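So the structure is just underneath, and the comments pick up after that.
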Protein chains: 2
Amino acid sequence: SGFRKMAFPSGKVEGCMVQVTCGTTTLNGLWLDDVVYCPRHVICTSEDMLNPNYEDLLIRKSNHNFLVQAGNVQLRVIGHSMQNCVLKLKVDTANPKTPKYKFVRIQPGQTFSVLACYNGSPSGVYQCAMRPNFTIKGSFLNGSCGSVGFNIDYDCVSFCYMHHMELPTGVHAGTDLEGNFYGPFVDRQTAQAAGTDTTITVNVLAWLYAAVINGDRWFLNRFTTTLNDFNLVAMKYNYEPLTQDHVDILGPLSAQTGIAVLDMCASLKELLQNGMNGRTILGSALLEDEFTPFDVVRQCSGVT
Amino acid sequence: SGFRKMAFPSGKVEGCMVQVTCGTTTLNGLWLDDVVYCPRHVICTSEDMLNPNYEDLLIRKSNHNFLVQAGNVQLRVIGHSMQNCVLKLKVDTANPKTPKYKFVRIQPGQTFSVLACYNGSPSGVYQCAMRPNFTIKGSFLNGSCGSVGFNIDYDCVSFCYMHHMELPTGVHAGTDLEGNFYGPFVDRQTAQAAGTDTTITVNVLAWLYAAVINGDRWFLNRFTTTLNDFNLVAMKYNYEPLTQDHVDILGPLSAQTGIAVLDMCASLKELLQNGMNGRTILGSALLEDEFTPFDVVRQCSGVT
Ligand SMILES: Cc1c(N)cncc1NC(=O)Cc1cccc(C#N)c1
Ligand SMILES: Cc1c(N)cncc1NC(=O)Cc1cccc(C#N)c1
C-alpha cells in the first residue's frame with residue numbers, strides 16, 4: 001500500500017552519461033555503443049542562439065573540437081553528424097555499460113523518468129508526463145541540456161526524450177533521440193508558443209483507481225454517466241475527451257476494483273463540478289494526471 | 001526552473017541489491033563489502049510472526065539455510081549474526097559494486113530516497129520524508145522488505161533506512177542499518193500505534209522559498225510575525241514549533257530571495273489560516289513538507 005510518484009531505477013542510464021564540450025559550451029551526452037548523442041546547440045555560443053544556421057556552424061567544427069569525457073575517461077571522436085536537432089559523435093570505444101536499449105517517440109500523455117544531469121554527472125531522478133501540448137514540467141537548470149527521459153521494460157531502456165530548452169514560461173522542451181522536437185519548438189532563443197494544454201483524463205481515472213486500491217474511497221458515489229455526458233464535463237474543465245481506447249486500457253483497473261469505467265467517470269465528473277471540499281486523494285489536494293493506467297498497474301503489482 | 005520531488009540517482013544502490021531466502025521466505029538484502037544486511041524476519045514463517053522469539057528461530061538456522069542471490073550469481077554464506085532487527089550474513093566475496101558508503105540514523109523530518117525492490121530486483125525510486133512520528137508514507141508491497149532508503153554526498157551513499165513493515169494503517173516502518181527501528185515499532189504481527197504526526201514546518205518554509213525562486217509568489221504578503229506568534233498558529237494547525245535552529249538553516253534561502261524568515265512565516269501563517277483559495281504552489285494544492293532546506297538549495301543550484 002501507498003502510492004508514490006515513482007521513477008524507474010536510473011542505474012542503467014547513469015552508465016551512459018558523458019560530458020560534451022564544444023568551444024566554450026558544455027552539456028550532457030548519452031553514450032550508447034560507439035555513439036554519443038547530444039543537443040546540436042552544444043556548437044553554439046550564446047550569440048549564435050539568436051538565429052543559428054546549424055549547418056554552417058557545424059562546418060566550422062572538426063572531430064577534435066568535440067571533447068567527450070565519461071566521468072574521468074576521455075573519448076576519441078572519429079566522426080560527427082547532425083540528425084535533426086541532435087549531434088551524433090562516433091567514438092572509437094563502445095560504452096561497456098551500454099544497456100539493452102531502444103529509441104522511442106512517446107505519445108503526449110505518456111509518462112517517463114528523467115535523469116537530470118550537469119557536466120555529465122547525474123544529480124537526480126524524477127517522473128513526469130509529456131503534456132498534451134508536448135512540453136514537460138521538469139526541473140532543469142542551465143547545463144541540464146542533454147539529460148534524457150526514459151522508460152524501462154525488464155532489462156531494456158527505451159529512451160524517449162533528450163532535454164534541449166526552457167521556454168520563457170519555465171516549462172521544458174526537447175526531442176526524441178533522433179533529434180525531432182516534441183511539439184512546435186525550434187532550437188533558437190526566440191519566444192515560442194506552447195499550445196493550450198489539457199488534463200490527461202485517462203491518467204486521472206487511472207489514479208482514482210489507484211486511490212480506491214489503496215483505501216482512498218470517499219469520492220466514490222451512487223452515480224454513473226455516459227462517454228457523451230462525461231465529455232461535455234471534460235470539455236468545460238479542459239480535460240481530454242475520453243474515448244473507447246482509453247476505457248479499454250482502464251479495463252484491468254476496472255476488473256481489479258469492480259468499478260465500471262463509466263461509474264469512475266461519474267466520480268470524476270462530481271469531483272470536477274464540486275472540487276475536493278478540502279479533502280485529499282493519495283496525499284494530493286488536486287486531480288493528478290501523471291500516472292498512466294500502465295503505471296498504476298505496475299506500481300500496484302510490484303513489477304521489477 | 002521547475003521544482004520536482006526528485007530522488008537521488010539510484011545506480012549506486014542498485015549494484016548492492018540481492019535476494020535473500022530462508023526457508024520459504026524471500027526478501028531483499030543489501031550487499032556491501034563481504035556482508036549482506038536484511039530484515040531478521042526473513043527467518044520467520046507467517047505463523048512465527050504472531051510472537052517471534054528471534055533468538056530461538058535463528059538458532060535453528062545454519063549458514064547454508066540463507067540463500068543469497070545477486071541477480072544470477074549465488075553467494076556463499078560463511079557467517080550469520082543478528083544485530084537488533086537485522087541479520088548480517090558474511091559472504092566469501094566482497095561486492096565489486098560496493099560504493100563508498102556510511103550508515104547513518106536520520107532525524108525525523110529529514111528526507112531520503114527509497115529504492116523499492118522485489119526479489120532482489122529494483123522496481124522504482126522515490127523521495128520521501130521520515131515523518132515526525134518515525135513512519136514513512138512509502139509505496140511498498142509484500143516482498144519489498146529489505147528495500148533501503150539513502151542519501152548521496154558526491155560519491156558516498158549514506159544508507160539510513162531498511163524497510164521492514166506495513167502498519168495496519170498503510171504507513172511504513174523500518175530500521176536504521178544497525179537494525180534499530182525508527183519509532184516505537186517491533187517486528188511482530190501485532191497492531192501498533194504510530195504517534196500523533198505533525199507537519200514539518202521548516203520543510204514547508206523551505207518549499208515556499210523554492211516556490212518564490214521559481215516564480216510562484218502569490219502567497220507573499222505585506223505582513224511579518226514573531227517566532228512566538230507563529231508558534232501559536234503552528235500549534236493550532238499541528239505544525240512543528242519553529243526554533244532558531246530552523247531559522248538558521250533557512251538562512252541561505254532567505255539570503256537568496258531577500259525574504260526574511262519571519263516574513264515567510266507570516267505568509268505561511270496566512271496560508272494556514274485562509275487556505276489556498278483554490279490556487280496552487282509549485283503544482284500542489286496543499287502545503288508540501290517533503291523538501292528540507294538542503295534539498296531546496298541542492299535542487300535550485302544543480303548539485304551532482
Ligand atoms: C537555461 C536553461 C534552463 N534553466 C533549463 N533548461 C534549459 C536551459 N537552457 C536553454 O534553454 C538554452 C537554450 C536557449 C535557446 C535554445 C535552446 C535549444 N534547443 C537552448
Ligand atoms: C505486506 C507488506 C506490505 N504491503 C508493505 N511492506 C511490508 C509488508 N510486509 C509486512 O509488513 C510483513 C511483516 C509482518 C509483521 C512484522 C513485520 C516486521 N518487521 C513484517
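Following the order of the C-alpha cells, first chain is A, next is B, and so on, with residues numbered from 1 inside each chain and ligands from 1 in the order they appear.
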For chain B versus ligand 2, which residues have an atom no more than 9 Å away, and what is each residue's nearest atom pair and distance in Å rounded to one decimal, using only C-alpha atoms and all ligand atoms, chain-then-number order, as JSON lines?
{"residue": "B:39", "atom": "CA", "partner": "ligand 2", "partner_atom_place_in_ligand_line": "19 (N)", "distance": 7.1}
{"residue": "B:40", "atom": "CA", "partner": "ligand 2", "partner_atom_place_in_ligand_line": "19 (N)", "distance": 7.8}
{"residue": "B:41", "atom": "CA", "partner": "ligand 2", "partner_atom_place_in_ligand_line": "19 (N)", "distance": 6.2}
{"residue": "B:46", "atom": "CA", "partner": "ligand 2", "partner_atom_place_in_ligand_line": "14 (C)", "distance": 7.9}
{"residue": "B:49", "atom": "CA", "partner": "ligand 2", "partner_atom_place_in_ligand_line": "15 (C)", "distance": 5.8}
{"residue": "B:50", "atom": "CA", "partner": "ligand 2", "partner_atom_place_in_ligand_line": "15 (C)", "distance": 7.6}
{"residue": "B:85", "atom": "CA", "partner": "ligand 2", "partner_atom_place_in_ligand_line": "19 (N)", "distance": 7.7}
{"residue": "B:138", "atom": "CA", "partner": "ligand 2", "partner_atom_place_in_ligand_line": "5 (C)", "distance": 8.6}
{"residue": "B:139", "atom": "CA", "partner": "ligand 2", "partner_atom_place_in_ligand_line": "5 (C)", "distance": 7.5}
{"residue": "B:140", "atom": "CA", "partner": "ligand 2", "partner_atom_place_in_ligand_line": "5 (C)", "distance": 4.3}
{"residue": "B:141", "atom": "CA", "partner": "ligand 2", "partner_atom_place_in_ligand_line": "4 (N)", "distance": 3.5}
{"residue": "B:142", "atom": "CA", "partner": "ligand 2", "partner_atom_place_in_ligand_line": "1 (C)", "distance": 4.0}
{"residue": "B:143", "atom": "CA", "partner": "ligand 2", "partner_atom_place_in_ligand_line": "8 (C)", "distance": 6.7}
{"residue": "B:144", "atom": "CA", "partner": "ligand 2", "partner_atom_place_in_ligand_line": "6 (N)", "distance": 5.8}
{"residue": "B:145", "atom": "CA", "partner": "ligand 2", "partner_atom_place_in_ligand_line": "7 (C)", "distance": 5.7}
{"residue": "B:163", "atom": "CA", "partner": "ligand 2", "partner_atom_place_in_ligand_line": "6 (N)", "distance": 7.1}
{"residue": "B:164", "atom": "CA", "partner": "ligand 2", "partner_atom_place_in_ligand_line": "19 (N)", "distance": 4.3}
{"residue": "B:165", "atom": "CA", "partner": "ligand 2", "partner_atom_place_in_ligand_line": "11 (O)", "distance": 3.5}
{"residue": "B:166", "atom": "CA", "partner": "ligand 2", "partner_atom_place_in_ligand_line": "11 (O)", "distance": 4.0}
{"residue": "B:167", "atom": "CA", "partner": "ligand 2", "partner_atom_place_in_ligand_line": "11 (O)", "distance": 6.6}
{"residue": "B:168", "atom": "CA", "partner": "ligand 2", "partner_atom_place_in_ligand_line": "11 (O)", "distance": 8.6}
{"residue": "B:170", "atom": "CA", "partner": "ligand 2", "partner_atom_place_in_ligand_line": "4 (N)", "distance": 7.7}
{"residue": "B:171", "atom": "CA", "partner": "ligand 2", "partner_atom_place_in_ligand_line": "5 (C)", "distance": 8.4}
{"residue": "B:172", "atom": "CA", "partner": "ligand 2", "partner_atom_place_in_ligand_line": "6 (N)", "distance": 6.5}
{"residue": "B:173", "atom": "CA", "partner": "ligand 2", "partner_atom_place_in_ligand_line": "19 (N)", "distance": 7.7}
{"residue": "B:174", "atom": "CA", "partner": "ligand 2", "partner_atom_place_in_ligand_line": "19 (N)", "distance": 7.1}
{"residue": "B:175", "atom": "CA", "partner": "ligand 2", "partner_atom_place_in_ligand_line": "19 (N)", "distance": 8.9}
{"residue": "B:181", "atom": "CA", "partner": "ligand 2", "partner_atom_place_in_ligand_line": "19 (N)", "distance": 9.0}
{"residue": "B:185", "atom": "CA", "partner": "ligand 2", "partner_atom_place_in_ligand_line": "19 (N)", "distance": 8.2}
{"residue": "B:186", "atom": "CA", "partner": "ligand 2", "partner_atom_place_in_ligand_line": "19 (N)", "distance": 6.5}
{"residue": "B:187", "atom": "CA", "partner": "ligand 2", "partner_atom_place_in_ligand_line": "19 (N)", "distance": 3.4}
{"residue": "B:188", "atom": "CA", "partner": "ligand 2", "partner_atom_place_in_ligand_line": "16 (C)", "distance": 4.1}
{"residue": "B:189", "atom": "CA", "partner": "ligand 2", "partner_atom_place_in_ligand_line": "15 (C)", "distance": 4.0}
{"residue": "B:190", "atom": "CA", "partner": "ligand 2", "partner_atom_place_in_ligand_line": "15 (C)", "distance": 7.2}
Set the distance at 10 Å and use only C-alpha atoms: which residues neighbour residue 154 of chain A once local chain neighbours fewer than 6 positions away are removed? I'd like the list as a VMD selection string. (chain A and resid 100 303 to 304) or (chain B and resid 121 123)
Which chain A residues are at most 9 Å from chain B (counting only C-alpha atoms), as JSON, numbers by chain? {"A": [1, 2, 3, 4, 5, 6, 7, 8, 9, 10, 11, 12, 13, 14, 15, 115, 116, 117, 118, 119, 121, 122, 123, 124, 125, 126, 127, 128, 137, 138, 139, 140, 141, 142, 143, 144, 166, 170, 171, 172, 214, 215, 280, 283, 284, 285, 286, 298, 299, 300, 301, 302, 303, 304]}
Would you list, as a CSV table (one decimal) with C-alpha atoms, in the first residue's frame, the residues of segment 43-186 of chain A that end up in strand (DSSP E or B) under DSSP run on this structure's backbone?
chain,number,residue,atom,x,y,z
A,66,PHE,CA,34.1,17.8,-29.6
A,67,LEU,CA,35.6,17.0,-26.2
A,68,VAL,CA,33.8,13.9,-24.7
A,69,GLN,CA,34.5,12.9,-21.1
A,70,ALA,CA,32.9,9.9,-19.4
A,73,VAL,CA,37.9,8.9,-19.1
A,74,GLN,CA,38.4,10.9,-22.4
A,75,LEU,CA,36.7,9.5,-25.6
A,77,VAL,CA,35.8,11.2,-31.6
A,78,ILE,CA,36.2,9.7,-35.0
A,79,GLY,CA,33.1,11.1,-36.7
A,80,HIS,CA,30.3,13.7,-36.3
A,81,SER,CA,26.9,14.1,-37.9
A,82,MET,CA,23.9,16.1,-37.3
A,83,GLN,CA,20.4,14.4,-37.4
A,86,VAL,CA,20.9,16.2,-32.3
A,87,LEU,CA,24.6,15.6,-32.9
A,88,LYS,CA,25.9,12.0,-33.1
A,89,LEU,CA,29.6,11.8,-32.3
A,90,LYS,CA,31.1,8.5,-33.3
A,91,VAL,CA,33.7,7.4,-30.8
A,100,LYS,CA,19.8,-3.1,-23.9
A,101,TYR,CA,18.0,-0.1,-25.4
A,102,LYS,CA,15.6,1.3,-28.0
A,103,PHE,CA,14.8,4.8,-29.2
A,111,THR,CA,5.0,9.2,-18.6
A,112,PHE,CA,8.7,8.7,-18.3
A,113,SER,CA,11.6,9.2,-15.9
A,114,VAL,CA,14.2,12.0,-16.3
A,115,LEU,CA,17.7,11.7,-15.1
A,116,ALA,CA,18.7,15.3,-14.5
A,117,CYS,CA,22.5,15.8,-15.2
A,118,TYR,CA,25.0,18.6,-15.1
A,121,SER,CA,27.1,13.9,-13.8
A,122,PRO,CA,23.6,12.7,-12.6
A,123,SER,CA,22.0,14.9,-10.0
A,124,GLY,CA,18.5,13.4,-9.5
A,125,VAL,CA,15.7,11.3,-11.0
A,126,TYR,CA,12.0,12.2,-11.3
A,127,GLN,CA,8.9,11.0,-13.0
A,128,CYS,CA,6.8,13.2,-15.3
A,129,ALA,CA,4.3,13.1,-18.1
A,136,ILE,CA,7.3,18.7,-19.9
A,148,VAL,CA,17.4,12.2,-21.0
A,149,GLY,CA,13.9,10.8,-20.3
A,150,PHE,CA,13.3,7.0,-20.5
A,151,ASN,CA,11.2,4.0,-19.5
A,152,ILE,CA,12.4,0.5,-18.7
A,153,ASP,CA,10.8,-2.8,-19.8
A,156,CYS,CA,15.6,-2.7,-21.9
A,157,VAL,CA,15.8,1.1,-21.6
A,158,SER,CA,13.5,2.9,-24.1
A,159,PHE,CA,15.0,6.4,-24.4
A,160,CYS,CA,12.2,8.8,-25.4
A,161,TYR,CA,13.4,12.3,-24.5
A,162,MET,CA,16.5,14.5,-24.7
A,163,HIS,CA,16.3,17.9,-22.9
A,164,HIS,CA,17.0,21.0,-25.0
A,165,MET,CA,15.3,24.1,-23.9
A,166,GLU,CA,13.5,26.1,-21.3
A,172,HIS,CA,10.6,22.5,-20.9
A,173,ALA,CA,11.1,21.3,-24.5
A,174,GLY,CA,13.1,18.6,-26.0
A,175,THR,CA,13.4,16.0,-28.7
A,181,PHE,CA,11.3,18.1,-31.2
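Distances from B:253, B:130, B:38, B:104 to residue 206 of chain B were compared using only C-alpha atoms, and the smallest one belongs to B:253.
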Please indicate the distance in Å from atom CA of residue 241 of chain A to atom CA of residue 201 of chain A, rounded to one decimal place.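 So the two atoms, atom CA of residue 241 of chain A and atom CA of residue 201 of chain A, lie 7.2 Å apart.
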Selected residue, from A:22, A:44, A:227, A:250, that lies nearest to ligand 1 when counting only C-alpha atoms and all ligand atoms: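 Checking each candidate against ligand 1, we get A:44 as the closest.
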Which distance in Å separates atom CA of residue 33 of chain A and atom CA of residue 18 of chain A, to one decimal?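 Atom-to-atom, atom CA of residue 33 of chain A and atom CA of residue 18 of chain A are spaced 12.8 Å apart.
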Nearby residues (only C-alpha atoms) at most 10 Å from residue 183 of chain B, same-chain spacing under 6 positions excluded, as a compact mmCIF listing (two decimals) with C-alpha atoms, in the first residue's frame:
# COMPACT_ATOMS: atom_id res chain seq x y z
CA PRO B 108 12.60 12.81 11.87
CA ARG B 131 7.64 11.67 9.43
CA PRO B 132 8.00 13.33 12.85
CA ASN B 133 6.28 10.15 14.23
CA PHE B 134 9.04 7.96 12.64
CA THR B 135 6.88 6.32 9.97
CA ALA B 173 8.11 1.25 9.44
CA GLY B 174 11.71 0.23 9.32
CA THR B 175 15.13 0.41 10.86
CA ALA B 193 0.31 2.69 17.40
CA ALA B 194 2.36 5.25 15.42
CA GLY B 195 2.47 8.52 17.38
Counting only C-alpha atoms and all ligand atoms, figure out which residue out of A:147, A:57, A:110, A:246 gets nearest to ligand 1.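 Going through A:147, A:57, A:110, A:246 one by one, the smallest distance to ligand 1 is for A:147.
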Would you mind telling me which residue in A:27, A:20, A:32, A:94 lies nearest to ligand 1 when using only C-alpha atoms and all ligand atoms?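 Counting only C-alpha atoms and all ligand atoms, the residue closest to ligand 1 is A:27.
Rounded to one decimal, atom CA of residue 30 of chain A and atom CA of residue 97 of chain A lie 11.5 Å from each other.
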Which of segment 98-251 of chain B end up as helix (DSSP H, G or I) when DSSP is run on this backbone - answer as a VMD selection string? chain B and resid 201 to 213 227 to 236 244 to 249 251
Find the residues near residue 236 of chain A: any atom within 12 Å, counting only C-alpha atoms, skip ones fewer than 3 places away on the same chain, and give them as a ChimeraX atom specification. /A:198-199,229-233,239-241,269,272-273
